[PDB]
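Undergrad: Okay, so the sequence shown: first residue is 1 according to the entry's author numbering, each after it adds one. Mind looking over this structure? Questions follow.
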Amino acid sequence: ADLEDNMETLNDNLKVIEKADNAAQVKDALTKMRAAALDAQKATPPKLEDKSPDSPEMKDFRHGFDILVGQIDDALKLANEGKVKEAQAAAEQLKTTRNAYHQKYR
Numbered sequence: 001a002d003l004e005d006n007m008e009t010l011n012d013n014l015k016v017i018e019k020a021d022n023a024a025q026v027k028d029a030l031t032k033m034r035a036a037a038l039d040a041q042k043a044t045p046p047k048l049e050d051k052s053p054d055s056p057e058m059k060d061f062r063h064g065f066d067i068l069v070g071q072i073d074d075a076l077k078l079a080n081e082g083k084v085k086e087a088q089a090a091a092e093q094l095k096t097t098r099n100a101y102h103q104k105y106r
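Laid out in structure tokens, this is it:
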């Protein structure tokens, strides 16, 4: 159990992603991740406790998504701009942040 938050909305696209992938499909799947991802980042991810007890807490979260939510967008305009024909190659690649984030709460 972790960001069960952004994850709950992730299972939706993560699923429609399996059978989905073509241009229109994968095109709609991403949009969902963009609107959903924007919520996790824009949403107060209290899971880790926003009450930034130390200080540099929040800003610390804008880093995780900032990177992920940053790739999702490049995956959309990339498929609608024709990065879709060559994308099919990245779709099989995956993203799982190379730095397999910790299991969750360290």
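Ideal Cβ positions, reconstructed from N, Cα and C, are used throughout, including at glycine.
I need the boundaries of the alpha helix (DSSP H) containing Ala36, first residue and last residue.
TA: From DSSP, the alpha helix (DSSP H) with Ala36 extends over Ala24 to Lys42.
Undergrad: With H, G and I counted as helix, E and B as strand and the rest as coil, what does DSSP make of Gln103?
TA: Correct three-state label for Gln103: coil.
Undergrad: Going by other Cβ atoms of all chains shown within 10 Å of its Cβ, with 16 needed for buried, is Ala75 buried or exposed?
TA: So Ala75 counts as buried.
Undergrad: By the 10 Å Cβ neighbour count, where 16 or more other Cβ atoms means buried, how is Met33 classified, buried or exposed?
TA: Classification for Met33: buried.
Undergrad: Which residues mark the beginning and the end of the alpha helix (DSSP H) in which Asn80 is found?
TA: Counting along the chain, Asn80 falls outside any alpha helix (DSSP H), and DSSP gives it neither H nor E.
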